[PDB]
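S.K.: Structure below; questions to follow.
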Amino acid sequence: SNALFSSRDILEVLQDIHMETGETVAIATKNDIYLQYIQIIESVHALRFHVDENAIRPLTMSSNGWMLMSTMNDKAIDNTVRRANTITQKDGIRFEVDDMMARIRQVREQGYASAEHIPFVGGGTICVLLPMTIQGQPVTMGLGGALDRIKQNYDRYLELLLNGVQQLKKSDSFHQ
């Protein structure tokens with residue numbers, strides 16, 4: 001019942017990270033074991049991520065995924081990695097429950113996630129968990145672009161995401 005003022009708070013923060021970084025920026029949540037985008041703002045760089053929305057993407061395949069999985073219980077993470085392997089292995093990719101469960105525990109610890117070449121060669125991504133939930137689901141804010149641009153701006157980009165989180169500690173969770 002206050003969904004719009006929260007969406008606006010989030011959009012304003014996401015617009016700031018887009019202005020300062022020029023990268024593809026997004027808010028995402030989970031849909032069962034798949035990553036769901038709520039809002040994407042496309043990069044202005046020549047070489048960029050063009051997010052195809054019809055794409056089905058398991059949570060094991062992106063740093064946004066690991067951040068979202070880090071919110072589940074272990075029973076649910078194990079099911080997720082297992083179920084997700086049967087899908088990604090149709091393309092020869094499959095993470096060992098052991099190491100994925102380790103990466104997830106680390107991400108939960110350090111407060112954010114980043115990834116090189118995952119899901120895509122030449123790409124780099126960094127994301128954080130937003131303080132609020134949307135429709136009972138946890139929510140993520142992240143940026144993506146060409147790996148080199150990401151590597152060379154890593155500390156600055158991270159800092160902006162984390163500070164974006166601080167700016168939203170006054171925004172409500174909503175079920176709309």
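Each chain in the structure tokens gets a letter, A, B and so on, in the order shown; residues start at 1 in every chain, and ligands are counted from 1 in the order they appear.
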List as a PyMOL selection string the protein and nucleic acid residues near residue A:159, meaning an atom at most 12 Å away when only C-alpha atoms are counted, but skip any in the same chain fewer than 6 places from it.
M.R.: chain A and resi 17+20-21+111-112+126-128+142+153+165-166
S.K.: Stretch 5-156 of chain A: which residues are alpha helix (DSSP H) by DSSP, as a ChimeraX atom specification?
M.R.: /A:5-21,63-69,74-88,97-110,147-152,154-156
S.K.: Excluding stretch 168-170 of chain A and residues on its chain fewer than 6 positions from it, collect all residues at most 8 Å away from it, counting only C-alpha atoms, and give them as number ranges by chain.
M.R.: A: 9-10, 130-132
S.K.: Measuring atom to atom with only C-alpha atoms, identify which of A:141, A:115, A:158, A:38 is nearest to residue A:13.
M.R.: A:141
S.K.: List the spatial neighbours of residue A:94 as a PyMOL selection string - criterion: any atom at most 10 Å away, only C-alpha atoms, same-chain residues fewer than 6 positions off excluded.
M.R.: chain A and resi 60-61+81-82+84-88+100
S.K.: Please write the residues from the selection above to a file, keeping N, CA and C atoms, as a PDB file, in the first residue's frame.
M.R.:
ATOM      1  N   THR A  60      22.345 -20.161 -10.303  1.00  0.00           N
ATOM      2  CA  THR A  60      23.773 -20.495 -10.254  1.00  0.00           C
ATOM      3  C   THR A  60      24.636 -19.743 -11.317  1.00  0.00           C
ATOM      4  N   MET A  61      24.005 -19.075 -12.268  1.00  0.00           N
ATOM      5  CA  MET A  61      24.749 -18.600 -13.430  1.00  0.00           C
ATOM      6  C   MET A  61      25.088 -17.116 -13.416  1.00  0.00           C
ATOM      7  N   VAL A  81      20.716 -25.855  -6.454  1.00  0.00           N
ATOM      8  CA  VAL A  81      21.944 -26.154  -7.181  1.00  0.00           C
ATOM      9  C   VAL A  81      21.756 -27.456  -7.971  1.00  0.00           C
ATOM     10  N   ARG A  82      21.207 -28.453  -7.282  1.00  0.00           N
ATOM     11  CA  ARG A  82      20.787 -29.694  -7.915  1.00  0.00           C
ATOM     12  C   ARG A  82      19.859 -29.480  -9.112  1.00  0.00           C
ATOM     13  N   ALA A  84      19.175 -26.696 -10.727  1.00  0.00           N
ATOM     14  CA  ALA A  84      19.865 -25.876 -11.664  1.00  0.00           C
ATOM     15  C   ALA A  84      20.948 -26.646 -12.467  1.00  0.00           C
ATOM     16  N   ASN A  85      21.595 -27.646 -11.868  1.00  0.00           N
ATOM     17  CA  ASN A  85      22.570 -28.395 -12.645  1.00  0.00           C
ATOM     18  C   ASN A  85      21.952 -29.168 -13.792  1.00  0.00           C
ATOM     19  N   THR A  86      20.764 -29.740 -13.582  1.00  0.00           N
ATOM     20  CA  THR A  86      20.120 -30.515 -14.654  1.00  0.00           C
ATOM     21  C   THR A  86      19.785 -29.686 -15.895  1.00  0.00           C
ATOM     22  N   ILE A  87      19.809 -28.371 -15.739  1.00  0.00           N
ATOM     23  CA  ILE A  87      19.465 -27.472 -16.802  1.00  0.00           C
ATOM     24  C   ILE A  87      20.734 -26.935 -17.505  1.00  0.00           C
ATOM     25  N   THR A  88      21.703 -26.494 -16.698  1.00  0.00           N
ATOM     26  CA  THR A  88      22.905 -25.912 -17.210  1.00  0.00           C
ATOM     27  C   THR A  88      23.814 -26.985 -17.772  1.00  0.00           C
ATOM     28  N   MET A 100      29.686 -24.401  -4.735  1.00  0.00           N
ATOM     29  CA  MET A 100      28.659 -23.400  -4.912  1.00  0.00           C
ATOM     30  C   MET A 100      28.161 -22.978  -3.511  1.00  0.00           C
TER      31      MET A 100
END
S.K.: Of the residues A:149, A:80, A:129, A:57, which is the one nearest to residue A:164, using only C-alpha atoms?
M.R.: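 For residue A:164, the nearest of the candidates is A:129.
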S.K.: Taking only chain A into account, list the residues labelled strand (DSSP E or B) by DSSP (computed from the backbone), as a ChimeraX atom specification.
M.R.: /A:24-31,34-41,58,112-116,123-134,137-146,174
S.K.: Closest to residue A:89 among A:69, A:3, A:110, A:58, using only C-alpha atoms?
M.R.: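 For residue A:89, the nearest of the given residues is A:58.
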S.K.: Can you write out as a Markdown table which residues of stretch 37-60 of chain A fall within 9 Å of stretch 23-29 of chain A, alongside each residue's closest atom pair and its distance in Å to one decimal, counting only C-alpha atoms and ordering rows by chain and ascending residue number?
M.R.:
| residue | atom | partner | partner_atom | distance |
| --- | --- | --- | --- | --- |
| A:37 | CA | A:28 | CA | 4.2 |
| A:38 | CA | A:28 | CA | 5.3 |
| A:39 | CA | A:27 | CA | 5.3 |
| A:40 | CA | A:26 | CA | 4.4 |
| A:41 | CA | A:25 | CA | 5.4 |
| A:42 | CA | A:24 | CA | 4.6 |
| A:43 | CA | A:24 | CA | 4.3 |
| A:44 | CA | A:23 | CA | 6.9 |
| A:45 | CA | A:23 | CA | 7.1 |
| A:48 | CA | A:24 | CA | 7.3 |
| A:49 | CA | A:24 | CA | 6.4 |
| A:50 | CA | A:24 | CA | 8.1 |
| A:51 | CA | A:24 | CA | 8.7 |
S.K.: With distances taken over only C-alpha atoms, which residue among A:102, A:162, A:133, A:146 lies nearest residue A:22?
M.R.: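 Once distances to residue A:22 are computed over only C-alpha atoms, the minimum belongs to A:146.
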S.K.: Expressed in Å to a single decimal, how great is the separation between atom CA of residue A:76 and atom CA of residue A:107?
M.R.: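 Interatomic distance here is 16.5 Å.
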S.K.: So which one's closest to residue A:105, A:70, A:53, A:119, A:91? Using only C-alpha atoms, please.
M.R.: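 Using only C-alpha atoms, residue A:105 sits closest to A:70.
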S.K.: What's around residue A:68 at 8 Å? Count only C-alpha atoms, leave out sequence neighbours fewer than 3 positions away in its own chain, and write the answer as a VMD selection string.
M.R.: chain A and resid 29 to 30 59 64 to 65 71 to 72 129 138 to 140
